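Everything below concerns the one structure shown next.
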Amino acid sequence: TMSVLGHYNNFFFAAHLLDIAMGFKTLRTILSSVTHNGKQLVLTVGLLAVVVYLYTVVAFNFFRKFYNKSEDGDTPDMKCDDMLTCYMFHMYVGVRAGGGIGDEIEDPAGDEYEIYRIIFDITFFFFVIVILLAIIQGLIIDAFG
Amino acid sequence: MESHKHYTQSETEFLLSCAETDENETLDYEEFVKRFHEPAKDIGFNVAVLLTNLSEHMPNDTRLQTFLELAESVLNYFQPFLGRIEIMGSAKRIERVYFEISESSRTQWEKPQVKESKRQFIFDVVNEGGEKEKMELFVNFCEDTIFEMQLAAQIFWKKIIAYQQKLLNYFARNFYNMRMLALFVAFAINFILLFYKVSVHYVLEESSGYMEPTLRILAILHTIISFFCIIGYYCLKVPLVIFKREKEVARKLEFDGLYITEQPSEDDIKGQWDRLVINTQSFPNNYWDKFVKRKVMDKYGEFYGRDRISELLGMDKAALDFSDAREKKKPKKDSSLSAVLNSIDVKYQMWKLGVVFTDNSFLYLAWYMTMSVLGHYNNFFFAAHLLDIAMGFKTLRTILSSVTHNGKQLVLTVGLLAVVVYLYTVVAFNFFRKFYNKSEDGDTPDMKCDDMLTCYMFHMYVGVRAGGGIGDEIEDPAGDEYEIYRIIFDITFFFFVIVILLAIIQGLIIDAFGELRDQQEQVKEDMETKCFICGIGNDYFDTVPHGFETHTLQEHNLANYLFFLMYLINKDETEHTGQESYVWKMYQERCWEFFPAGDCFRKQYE
Amino acid sequence: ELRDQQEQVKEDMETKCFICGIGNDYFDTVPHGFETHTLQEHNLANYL
Ligand SMILES: [Ca+2]
Ligand SMILES: [Zn+2]
Ligand SMILES: [Zn+2]
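Read top to bottom, the protein sequences are chains A, B and C. In terms of this note's numbering, the first sequence is numbered consecutively and its last residue is 350. In terms of this note's numbering, the second sequence is numbered consecutively and its last residue is 794. In terms of this note's numbering, the third sequence is numbered consecutively and its last residue is 1013.
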């Protein structure tokens, strides 16, 4: 079927490069590993989404004035003036930022919510970055092993 | 009856000879089986256990082989009714005792909560408990489980009480379904909350009607469901925990004399809360042993003062109540006419409240209800109910237990991290304070190092999460006045704080998760490839086909042992056999040498 | 490795005798057998 579709759009022949993953032994092992801990991986990703949603609701409630992803504007591109937009922004940026979420939004630098915002950023970087993402990576690598 | 392939013509005519012919050619099969089946069933069970004993003792006899083919033809009916136990006592040899298992007992064992109690006991007895107290914990589990089975089987004044009892029973029976419904409605209301927006002025803007009132509907429904959940729990699982605690304190009073000769410490709040009602009126309300008071009185009365014992144990000035009840006792007594309420004991009620408010699960349900109530004020508090999946699933519970497991080590490692960050903070505040200018145009310099606490917070907040030390976010030296020292500072920070201590914390948590998972799968492997009672092994029974599975399902079944204990309890003693009376005496004296420790019937005989 | 050595030392002190080192299963026949064996018969404090 992929060959027939490649006859229509020639770029569909790239899906045939995954044939080595089935022809070799260690690549089959990698695929079987990413499939092995299926339920555990799905549940860990669910817990990740749940904790990111909790951080999302607390940021949408309290720290909604820090999510101004603009440099000159002057129209503010507020990523927190919408619950779904803020949740997608969190799940898409704060998980892959490698340093939590406080490293891509503006710093507090003001003694009105500074300590709470610092606690927020540190707890995000701890639970979401160096625990849950590490737990998913460990699940997959331990399945491979 | 002649065409159902289970009767011959002689048997059909013999059974038709038992007809009634009630002047209309009609027999009542209901009364027929109600009259002609029960004693037949009893005596057939007796002869069946006799034939089974003869079989399992003397094998390979052709006359006994014909007797055994007839026996098994009978046994195809009595298979789920007879249980066998392998006792070791009174003869220094393994003895296979046989007994009856009730269909009601089988149903209460198949009941859901009993299975959860069984799996929890297996887990916490293979993980924490070893082999010295393994049989003690197993007997305690058997007692708690037969109490739970009794409770599950149990699940103007004659118009409201009879309805509130049925309501409470319905809640206790549908407690788990109520939990699933609460989780579903929490997911629904949280999806609706995800569909939100803002204008200072919150508004569910991403929808066009049909979504604003359903939020309030689901909120009030979730609150009602949480209330029903806690109400069902308080009458489904609270009896079991209060029964366990009553049994513990009563046996501590009887055997060890915890509050007579060996008064507990000052830090054990459990001891004080039990001393609170060691002297209440209805002390053994669920332990089904309403004579522990008299037992401990007779045990510790002639040494520490019978009057003092009767005073500190409740039931004051009634040291002759036993004789008064033995000689011309009162027949009965009406409840009251002027006292319709307050008949219960406030001391025992306060004790029950104090023991249920520390159950660690009733506390979770109370937190659930409180979060629902707070969500009624601010709807965003319903997001805290999404953490219910973390307790409902197994691997998420494992993750939480992992982040809690290495508590002291994690706290001390975080403390060492804070200490080394404070050392770097003081050295930077002293020497390299001119590099912490977090400004691009200014011209007002935003010096993050002109204050010790500000510099420490800046370090702990930026240099730990920067992933490349601290030198990658402050200005580079580029000047041969402090360049080498600043480079050493940055490199040592990136080494000690980033690639050692943070890695050590992450490793602590991930290793706790791995250890918990490995303990779980080790418990599973031990339950699959090792016997619970004897623990001889798997290879010994891996000789005949399905050997170990039949050994664990027929000979050494934990359900069979529990049913045997229940049978001994409901056996109406003075009718016990030799083995049954021996096991009952051992159970009464709390010895438990009748369990096969390192031997079995197959290892004893051929 | 350091943590594992520490917990191995602890496990050896808990499930093995210091003087003789016969084992734990041998004394795990009577109740509290190994504990009484290490607290009464082969006590290091007693030897000192
Ligand atoms: Ca008798
Ligand atoms: Zn066995
Ligand atoms: Zn020794």
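Think of the CB as a built atom: it goes at the ideal place given N, C-alpha and C, for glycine as much as any other residue.
Would you call the CB atoms of residue i and residue j closer than 7 angstroms?
{"i": "B/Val-426", "j": "B/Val-544", "result": "yes"}
{"i": "B/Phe-326", "j": "B/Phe-431", "result": "no"}
{"i": "B/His-410", "j": "B/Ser-549", "result": "no"}
{"i": "A/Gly-304", "j": "B/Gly-397", "result": "no"}
{"i": "B/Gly-542", "j": "B/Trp-461", "result": "yes"}
{"i": "A/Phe-218", "j": "A/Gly-228", "result": "no"}
{"i": "B/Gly-277", "j": "B/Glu-781", "result": "yes"}
{"i": "A/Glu-311", "j": "A/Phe-271", "result": "yes"}
{"i": "B/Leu-215", "j": "B/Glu-226", "result": "no"}
{"i": "B/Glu-442", "j": "B/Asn-474", "result": "no"}
{"i": "B/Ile-343", "j": "B/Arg-361", "result": "yes"}
{"i": "B/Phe-363", "j": "B/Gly-271", "result": "no"}
{"i": "B/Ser-414", "j": "B/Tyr-556", "result": "yes"}
{"i": "A/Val-257", "j": "A/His-295", "result": "yes"}
{"i": "residue 945 of chain C", "j": "C/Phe-992", "result": "Because chain C here runs from 966 to 1013, residue 945 of chain C falls outside it and cannot be looked at."}
{"i": "B/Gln-707", "j": "B/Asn-315", "result": "yes"}
{"i": "A/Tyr-292", "j": "A/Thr-261", "result": "yes"}
Cβ of residue i within 6 angstroms of any heavy atom in ligand 2?
{"i": "B/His-744", "result": "yes"}
{"i": "B/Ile-721", "result": "yes"}
Under 6 angstroms from any heavy atom of ligand 1, does the C-beta of residue i make it?
{"i": "B/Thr-214", "result": "no"}
{"i": "B/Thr-762", "result": "yes"}
At a cut-off of 6 angstroms, is residue i close to ligand 3 when judged by its beta-carbon and the heavy atoms of the ligand?
{"i": "B/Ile-418", "result": "no"}
CA-CA distance, residue i and residue j?
{"i": "B/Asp-210", "j": "B/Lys-222", "result": "17 angstroms"}
{"i": "A/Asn-242", "j": "B/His-573", "result": "26 angstroms"}
{"i": "A/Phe-267", "j": "B/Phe-619", "result": "38 angstroms"}
{"i": "B/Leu-641", "j": "B/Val-391", "result": "41 angstroms"}
{"i": "A/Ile-341", "j": "C/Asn-1011", "result": "53 angstroms"}
{"i": "B/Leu-741", "j": "B/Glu-257", "result": "22 angstroms"}
{"i": "B/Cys-637", "j": "C/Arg-968", "result": "38 angstroms"}
{"i": "B/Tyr-384", "j": "A/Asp-326", "result": "24 angstroms"}
{"i": "B/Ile-757", "j": "B/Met-485", "result": "24 angstroms"}
{"i": "B/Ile-686", "j": "B/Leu-600", "result": "17 angstroms"}
{"i": "B/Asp-634", "j": "A/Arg-269", "result": "24 angstroms"}
{"i": "B/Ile-282", "j": "B/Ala-506", "result": "48 angstroms"}
{"i": "A/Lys-230", "j": "A/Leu-253", "result": "32 angstroms"}
{"i": "B/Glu-669", "j": "B/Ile-676", "result": "13 angstroms"}
{"i": "B/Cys-788", "j": "B/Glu-324", "result": "20 angstroms"}
{"i": "B/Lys-626", "j": "A/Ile-306", "result": "19 angstroms"}
{"i": "B/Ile-348", "j": "B/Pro-784", "result": "52 angstroms"}
{"i": "B/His-245", "j": "B/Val-235", "result": "15 angstroms"}
{"i": "A/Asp-347", "j": "B/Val-591", "result": "19 angstroms"}
{"i": "B/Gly-459", "j": "B/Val-285", "result": "40 angstroms"}
{"i": "B/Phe-416", "j": "B/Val-373", "result": "14 angstroms"}
{"i": "B/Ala-228", "j": "B/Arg-251", "result": "25 angstroms"}
{"i": "residue 167 of chain B", "j": "B/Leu-551", "result": "What the structure shows of chain B is the stretch from 189 to 794, and residue 167 of chain B is not part of that stretch, so it cannot be assessed."}
{"i": "A/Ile-235", "j": "A/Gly-343", "result": "14 angstroms"}
Since residue i sits in a beta bridge, which residues does DSSP pair it with?
{"i": "B/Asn-625", "result": "B/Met-635"}
{"i": "B/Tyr-286", "result": "B/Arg-272"}
{"i": "B/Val-386", "result": "B/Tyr-390"}
contact_flag[the stretch 191-200 of chain B, the stretch 283-303 of chain A] where n(CB pairs < 8 angstroms) is 3 or more: no
Inter-stretch contact (C-beta, 8 angstroms, three-pair minimum) for the stretch 489-504 of chain B and the stretch 456-475 of chain B: yes
Inter-stretch contact at 8 angstroms, needing at least 3 Cβ pairs: the stretch 442-453 of chain B / the stretch 390-402 of chain B: no
Stretch-stretch touch, CB-based, cutoff 8 angstroms, three pairs: the stretch 527-538 of chain B with the stretch 347-358 of chain B: no
Segment contact flag, the stretch 752-767 of chain B with the stretch 976-985 of chain C, C-beta cutoff 8 angstroms, min 3 pairs: no
Inter-stretch contact (C-beta, 8 angstroms, three-pair minimum) for the stretch 769-780 of chain B and the stretch 263-277 of chain B: yes
Inter-stretch contact (C-beta, 8 angstroms, three-pair minimum) for the stretch 299-318 of chain B and the stretch 263-272 of chain B: no
Three-pair Cβ contact test at 8 angstroms for the stretch 305-316 of chain B versus the stretch 707-717 of chain B: yes
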